[PDB]
Amino acid sequence: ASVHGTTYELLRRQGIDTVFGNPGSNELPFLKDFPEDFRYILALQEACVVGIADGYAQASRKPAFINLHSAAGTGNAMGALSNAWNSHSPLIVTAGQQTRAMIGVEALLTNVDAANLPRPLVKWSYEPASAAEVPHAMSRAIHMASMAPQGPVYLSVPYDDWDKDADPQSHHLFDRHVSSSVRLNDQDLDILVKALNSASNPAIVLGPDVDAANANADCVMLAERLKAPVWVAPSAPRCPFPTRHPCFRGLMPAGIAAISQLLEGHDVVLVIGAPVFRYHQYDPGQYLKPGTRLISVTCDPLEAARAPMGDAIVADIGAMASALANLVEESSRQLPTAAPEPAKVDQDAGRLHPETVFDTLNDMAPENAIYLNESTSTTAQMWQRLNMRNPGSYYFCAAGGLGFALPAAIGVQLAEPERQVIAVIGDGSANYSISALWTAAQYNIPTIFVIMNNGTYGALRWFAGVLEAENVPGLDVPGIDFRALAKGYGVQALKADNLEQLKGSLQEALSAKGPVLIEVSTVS
Amino acid sequence: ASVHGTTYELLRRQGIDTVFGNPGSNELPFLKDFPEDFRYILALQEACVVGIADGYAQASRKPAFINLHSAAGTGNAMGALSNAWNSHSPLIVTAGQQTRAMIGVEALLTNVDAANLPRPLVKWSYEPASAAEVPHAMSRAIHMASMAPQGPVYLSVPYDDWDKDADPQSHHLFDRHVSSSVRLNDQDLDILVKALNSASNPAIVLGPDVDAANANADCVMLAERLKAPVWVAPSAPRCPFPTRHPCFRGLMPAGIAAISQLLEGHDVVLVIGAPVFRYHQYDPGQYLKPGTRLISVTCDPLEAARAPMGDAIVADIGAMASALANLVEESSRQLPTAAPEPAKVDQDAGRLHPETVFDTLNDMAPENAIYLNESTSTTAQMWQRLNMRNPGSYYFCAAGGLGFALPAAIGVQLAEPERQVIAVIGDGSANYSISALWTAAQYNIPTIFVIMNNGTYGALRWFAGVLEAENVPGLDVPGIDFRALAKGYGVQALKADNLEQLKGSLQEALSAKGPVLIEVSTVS
Amino acid sequence: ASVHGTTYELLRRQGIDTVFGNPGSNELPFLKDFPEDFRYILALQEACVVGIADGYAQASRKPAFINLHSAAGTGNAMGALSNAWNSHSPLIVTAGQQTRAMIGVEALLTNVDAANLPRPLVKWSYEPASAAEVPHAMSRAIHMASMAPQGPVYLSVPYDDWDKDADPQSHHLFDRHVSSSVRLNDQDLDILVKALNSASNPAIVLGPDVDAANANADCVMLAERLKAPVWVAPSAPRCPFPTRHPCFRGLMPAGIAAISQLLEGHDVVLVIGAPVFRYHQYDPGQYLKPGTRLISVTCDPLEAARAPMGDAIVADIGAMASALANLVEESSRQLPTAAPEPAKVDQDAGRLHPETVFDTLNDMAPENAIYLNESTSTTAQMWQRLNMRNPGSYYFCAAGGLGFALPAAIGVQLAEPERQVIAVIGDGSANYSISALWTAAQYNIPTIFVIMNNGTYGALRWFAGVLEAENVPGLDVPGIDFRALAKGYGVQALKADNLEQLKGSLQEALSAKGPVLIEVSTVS
Ligand SMILES: Cc1ncc(Cn2c(C)c(CCOP(=O)(O)OP(=O)(O)O)sc2=O)c(N)n1
Ligand SMILES: Cc1ncc(Cn2c(C)c(CCOP(=O)(O)OP(=O)(O)O)sc2=O)c(N)n1
Ligand SMILES: Cc1ncc(Cn2c(C)c(CCOP(=O)(O)OP(=O)(O)O)sc2=O)c(N)n1
Ligand SMILES: [Ca+2]
Ligand SMILES: [Ca+2]
Ligand SMILES: [Ca+2]
Ligand SMILES: [Ca+2]
Ligand SMILES: [Ca+2]
Ligand SMILES: [Ca+2]
Ligand SMILES: [Ca+2]
Ligand SMILES: [Ca+2]
Ligand SMILES: [Ca+2]
Ligand SMILES: [Mg+2]
Ligand SMILES: [Mg+2]
């Protein structure tokens, strides 16, 4: 067999059936004779390719396979890889290299020092030393992406490798099963369970790896047994808990002092599936108040190492959440009471308050909708106003890198065809990966895109005011017609200048058979 | 003085007055109190920011300064940096970092291992160890970008650094003059001059560093004195010679065998300002035929080292071209005869042949127009059909990375306001950096964008046929309305479905007062 | 508190009480006011510093702390780090940096791009962005070294940092407990246990991470229950099993074909604590014969990913070995029969056969002796001839890098003062880290060094013969007087030219109160 045939057999045997790509000449010898049981999803720029694949991987809870063109294509995708690193997204990024005979002269399209290009944003990065090594290197890539802590990996392959003969002993790669589904040993787990049972006022903080593991329901049981309030760790990439469950307390503010103040009086704080903590704003103070002990369960040694406080356990989130939820005692304390609904912001017949938009989406969207957020000044309100009952219902750029949500919402929708995806994206954010719209049109992936148009980089204006920073350039983005951009890429387009039009547009979008973009005029 | 004030004084004293950027929160403490004598040029995605800056630097023949947001913004720009490396573009790429107090916990927006992120695509990459070092590190960045061989550099700065006190001894940085304007010592230069004078059938090959150095006129004199044909080195990023001068012989094919065949019978081949050689296609054979000696003058040790044949001299291209042009004898051989005009391709009243488009542009464009090429299947015809008399008249993505020409054409036009820029961009290529159009609209930078719409990745289809590669996915890009995209970003839009409409559209565009996009329907 | 006081409190609170070092000026502000409860162990070159620390860490089963001088000191230690990476040795390597005010000018002793220097041989490498971050970065270093898979880490600290004020909130670092003591979830563990119980002819292969985890006794129980032969994985850095236990079958040959042939007929092969596999010689063939299934338990995702065959489980070796040993059924098969003793090689009254040396050591050494091997041509015979009943009884350079055993034997002896350490080192190997002898003398660490003097790089001569490679230079090392070298560094020295003298010398050495070197004349 050839390296090409062996490699595609490895991919299929390891459950991969989709290639997210933007092709080039170094990749044509890989993409030729494309197997009939695989699907190719084209996107028009590599940030879009990787964003789509990322949303697909995150929602599918399985690795996604990518093929990019050499150094320039890889480079175009590196902002998307910054997010994928922070979300632990299991992405297998492949890129074609020049033919081995012309690497030394650095012919056009040579990826120089290729393995160093995507560092430090990948778990493993490699170029094989021979063609017959390619299947083995692909095996390594699959497993490195997929083992906890999951993350992106990179493999560069000289284009002449594919047609060469494979090692027949590569068959041993096909069915390898690699597990990291591990939990704390019984003796130490029993210590932890006793500390939880003995706590007088426990709190739980959950991060994105809970949702990645589909540990949400186990965390509900854990919270119910401990009678404990539940927060989402700051800068949240995913939603790990039902947002109208009585224990839910919302998104933590991303500040040192604010978090220690919130946790004051909680004697044991159990963090699961989050870094400790993804702070953002400068908010100096105490990491924890006297009287609070923190225990973190994390899938990532890097998280455990860098936590400034608390004990940690490095283990699989799914395995630990299940064990804890089934081992703790039922506390006799009263169950926490549900947070009240948010207030209705006064809304005239003009431009929409973001609060109005989120309330209307919550009113009209199906109960199993999936939301993406890249409306950076409105995150707090979004988290308060959307009832997200189910796992896999929320995504936000995990490194804060704009250009994620538009393509990722297409990947999520591809992963979950029965669940209506609604991406809420600011007018600034929408441009970074605007060309991703075309993939939704071409493959008829019926994502709804809600563009929050207030004409400015509103989160940055806000911050400039907290800095009392005057004369900052570049904060306004006037003059973008998002209906015209959607037309440009073949997506049905609507406008909402007031609440009546927003409801009419959403009704239309929800019943459409293809992707739809709604440009909403929001208060500046 | 603060680090902020000292740094902006350094920049101004070193001739920098423009910041190309997409802002973020780690950058607001740099961008605040933005000096009134500086200009900020906003673009909506970082590939666009860097492409614009690159075109500006290349055309202006001076460094361009960039400010990007942390890791995600830097990452979005890395495909643009792949091109900038290959063009030797002097780009000072800065990115904001988290406040030093929160780097260790890896707060959101921390650029982890920052200096490694843009490697291997930068000449120098650094994060200073203290705030007071920032001006000095900025000085290093300026000079590293600007010394031969020019290229991109990267500097990451924690946002809390700007307000700190600077070292008063940083004043010594302000007026430093750093020169690499060097040429071969007189004894060895005289040897080279004698070898050129003694050659019986010399040839000259010129690359992009000739145009970067504005050595074009000196190379004309050199060619005239030696009575030598002149070729452009393959995969050409720039045009180093008047294309209708009698010695001009065009773009070399990017193949090993093809180049040695072309040079057969030339006893001395003098290469100036190019790698030896930027081959592309697999075309195995002899690097040189018996009887040909090659001598390369290069500004880049990396080029000199990797050449598979020939002698080399590492020196400044401007200094060497001037010296050679003034020292060689006037040969008594006859001057080469000019190449004949290209043939007129038969054209009906339907979709446009690319040859027709280039002939019409050549007919109608001003004699000092500047062209950019990202119409990848039509490069050979473009090079044959445009009379480019002047330096700085052509740019093509130097690493082959799409997404260069659309933004770079805006930067070139900003650099050369009196010279009409015309970017000829395929429908596939146009999407990579489509949002760059907005910068042209907002700043009223009157670039003309000619979209060659044949609905496919035509260069890739072509190559798939040379491979006899069947079943390759992802090669078609139907369903893009470029007039709607231009409307989306505020740029005047025209369509050309036949030659009559192309001439009408070009007449309109050339007289417009702002940027214009023309969607041309080209033969598939 | 200062950064210095906070950092030493962190170290003590995390169990560190010893600094292995070679000092320099960038380190004096760290080493001043050296706490009275810490010990400093000086060695005369950094390969020796790190080797000593490595042996100490490996035998103590806890992290070892190192302080080296800037780039040059770090560099001198990088061959030692190659071994430490392969042995998963938990080493915290610190190096002093120039004062932050002079890093930018690259004053003498500046460690340029410091974190990249020890890559790729460290798990984590870092230089903090501020003085107050240093304790936190030290915390990260401790935990990164100590979490499975253990390994070396690197931290560079500007010398002016130590005297600065620490963050009072660094107290939260002091008592952090970080666990990776995890095992496969119960459902999947039960599947594995059933596969082991159902096997008709299981085999066990053990690697060094078994001995690191002190899982040896659990592996004995596992083997006894399964009635399974036990092999040591090839290129063994440690001894994971009693070598005269009836199930023991010795060191596997480090070849692909040889291993599959050895495992032929074994239906399930359980590998614990080893890479799959650390082959050495080129011995192409089948990774496994038909009928053999392989299951690997590894503490290292990198091992799991790169195995060319088999399933894998990534978990703590101690936790998995205990669980398996207590869960499998007692098989009714007969216990394997012990291997017979090795043959006595004929020995005249002249130069010693290595087999004679190992038999005599086995005869005379205490039953709880610890051996180190850097006698590269005699490894197979050593493994056959030493009865090593206890854990922690064998060390061999895990990357094959010479210069390990001499210093490591001093560290092992420091770690295990009641267990006589005997390092068996070839005459070639002895030179790499010869100066380590001085540390044994100065601290009166009573290691016995047995130099196997045959005047040649015997393993290389052997290989040159398997290659039929003629005219290979540099394979002989005549003219070294090891008794004089030992005198030079203050270590008692003996010679053994025949067996009578070897026994007399060993008797003397075993009763000595300090370190002793015995130069043995071995057959060439
Ligand atoms: C790739 C990238 N570039 C720049 C930024 C900086 N940035 C920018 C530019 C923001 C404004 C986003 O504006 P928007 O219109 O999408 O939303 P709001 O008006 O609600 O803030 S939020 C922010 O962090 C970023 N995070 N990622
Ligand atoms: C960033 C990037 N991605 C992918 C490619 C691969 N690629 C692609 C996708 C090409 C087709 C460009 O199509 P076009 O419509 O712009 O022009 P033609 O139809 O004339 O080829 S040419 C080529 O090298 C690339 N070079 N750069
Ligand atoms: C640091 C380093 N340098 C060089 C070698 C190469 N090498 C060398 C030089 C060997 C000969 C060791 O000779 P010896 O006298 O210690 O033992 P033998 O005579 O028993 O082989 S074994 C081997 O792999 C190495 N492994 N490590
Ligand atoms: Ca409602
Ligand atoms: Ca699905
Ligand atoms: Ca906005
Ligand atoms: Ca004409
Ligand atoms: Ca100008
Ligand atoms: Ca095209
Ligand atoms: Ca005996
Ligand atoms: Ca001890
Ligand atoms: Ca020897
Ligand atoms: Mg990189
Ligand atoms: Mg290194």
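What counts and how
- Residues numbered from 1 in each chain as written, not as in the entry; some residues may be left out.
- Chains lettered and ligands numbered in written order.
- Part of a larger assembly, values for the part shown.
- Heavy atoms only, no water.
- Least-squares fit on C-alpha atoms.
- Contact = heavy atoms within 4.5 Å.
- Donors = N, O, S within 2.8 Å, 3.2 Å for Na, K, Ca; no water.
- Buried < 20%, exposed > 50% of the residue type's maximum accessible area, 1.4 Å probe, protein only.
- Near = heavy atom within 4 Å.
- Polar contact = N/O pair within 3.5 Å; in protein donor to acceptor, adjacent residues only side chain to side chain.
- Areas by Shrake-Rupley, 256 points an atom, 1.4 Å probe, with all protein chains shown as cover.
- Nonpolar A, V, L, I, M, F, W, Y, C, P; charged D, E, K, R; others polar.
- Helix = DSSP H or I, 4+ residues; strand = E, 2+ residues; numbered from the N terminus.
- Domains from an automatic or database assignment.
- Buried area = accessible area lost by both parts, 1.4 Å probe.
- Salt bridge = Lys/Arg side-chain N within 4 Å of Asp/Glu carboxyl O.
- Core = buried A, V, L, I, M, F, W, Y, C linked by side-chain atoms within 4.5 Å.

Re the relation of the copies chain C and chain A
Stage number 1. For the pair chain C and chain A, the relating rotation is 180°, the translation along its axis is 0.0 Å, and the fit reaches an RMSD of 0.0 Å. Look at the turn and shift together and you get a two-fold axis relating the two.
Stage number 2. Both copies present the same face, since 100% of the interface residues in chain C are matched by interface residues at the equivalent positions in chain A.

A few points about the coordination of the magnesium ion (ligand 14)
Residues and elements named next belong to chain C.
Stage number 1. Every protein donor of the magnesium ion (ligand 14) is accounted for by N116 (O), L117 (O) and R119 (O), and the metal-donor separations fall at 2.4 to 2.7 Å.
Stage number 2. Linear spacing of the donor residues for the magnesium ion (ligand 14) on their chain is N-L-x1-R.
Stage number 3. For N116, a relative accessible area of 22% corresponds to the partly exposed category.

Overview of the site of ligand 3
Residue and element names in this part refer to chain C.
Stage number 1. What surrounds ligand 3 is a group of 18 residues, the closest being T376, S377, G400, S429 and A459.
Stage number 2. Within the contact set of ligand 3, an oxygen atom lies 2.8 Å away from a side-chain nitrogen or oxygen of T376.
Stage number 3. Separating an oxygen atom of ligand 3 from a backbone N or O atom of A459 is a distance of 2.7 Å.
Stage number 4. Protein contact buries 77% of the 600 Å² of open area that ligand 3 shows by itself.
Stage number 5. Classifying every residue of the shell around ligand 3 gives five nonpolar, 11 polar and two charged.

Some remarks on the site of ligand 1
Stage number 1. Around ligand 1, the surrounding shell holds 24 residues, and the nearest of these are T376, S377, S429 and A459 of chain A together with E46 of chain B.
Stage number 2. Looking at the residues close to ligand 1, they fall on chains A and B.
Stage number 3. A distance of 2.8 Å is found between an oxygen atom of ligand 1 and a side-chain nitrogen or oxygen belonging to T376 of chain A.
Stage number 4. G428 of chain A is positioned such that a nitrogen or oxygen atom in its backbone is 2.9 Å from an oxygen atom of ligand 1.
Stage number 5. Protein chains bury 96% of the 600 Å² of accessible surface belonging to ligand 1 in isolation.
Stage number 6. Contributions of two or more residues to the shell around ligand 1 are made by α17 (427–430) and α19 (458–466) of chain A.
Stage number 7. Among the residues forming the shell around ligand 1, the class breakdown is six nonpolar, 15 polar and three charged.

What to know about the domain arrangement of chain A
Residue and element names in this part refer to chain A.
Stage number 1. On domain assignment, one finds that chain A holds domain 1 (1–178), domain 2 (179–340) and domain 3 (341–524).
Stage number 2. Summarising the inter-unit geometry, the C-alpha centres of domain 1 and domain 3 are found 31 Å apart.
Stage number 3. Facing 23 residues of domain 1, the contacting portion of domain 3 comprises 24 residues.
Stage number 4. Between domain 1 and domain 3, roughly 1,800 Å² of surface is buried when both sides are summed, and carbon and sulfur atoms account for 67% of that area.
Stage number 5. When the area that domain 1 buries against domain 3 is broken down by residue, the three leading residues are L44, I52 and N83, summing to 29%.
Stage number 6. On the surface where domain 1 and domain 3 come into contact, there are zero salt bridges.
Stage number 7. Residues that form the side of domain 1 that touches domain 3 fall into these classes: 11 nonpolar, nine polar and three charged.

Some remarks on the nonpolar core
Stage number 1. Formed by 461 residues in total, the largest nonpolar core has its most connected members in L372 and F449 of chain A, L372 and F449 of chain B together with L372 and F449 of chain C.
Stage number 2. Discounting chain neighbours no more than four positions away, the residues touching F449 of chain A are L406, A409, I410, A423, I425, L437, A440, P515, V516, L517 and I518 of chain A.
Stage number 3. Residues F30, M138, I142 and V157 of chain C belong to the second largest nonpolar core, which totals 36 residues.

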